[PDB]
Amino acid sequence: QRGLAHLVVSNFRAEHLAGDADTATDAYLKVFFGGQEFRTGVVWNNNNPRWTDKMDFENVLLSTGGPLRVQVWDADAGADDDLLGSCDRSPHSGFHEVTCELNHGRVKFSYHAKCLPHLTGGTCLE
């Protein structure tokens, strides 16, 4: 098997978000890779939130396991929550910092994709 890596996504924070009409944003993130979904907790009333989450996607395929997707949401009453923006990146081996510009503000995070032993290259194919 080729294209395998250990993917870890962390250092989540966002700036100048706009999620409510009368108060500050109540943001949370949904992060997706290879059929797995992780959701952070909510940071109430803060347009510049930071989260302590470290998401370990275990052994994944950087070649074909779809993009790494980060959705920025604002918490309201659940079913009526606001989707503030979404970002897609095709992860590559090594350490990488990501900045996704949204309609208002931006979301930032880092990821480290380490090829599994015997594998090398941008997508661990070699």
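For every residue, the number given is its place in the sequence shown, counted from 1.
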Comparing average C-alpha B factors as deposited, tell me which of 37-45 and 64-72 sits higher.
64-72
Would you tell me which stretch averages the higher CA B-factor in the PDB entry, 113-121 or 5-13?
113-121
Within this chain's modelled residues, let me know which third the CA B factor of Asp26 belongs to: lowest, middle or highest.
lowest
Comparing against every modelled residue in the chain, figure out the third that the C-alpha B-factor of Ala79 lands in (lowest, middle or highest).
highest
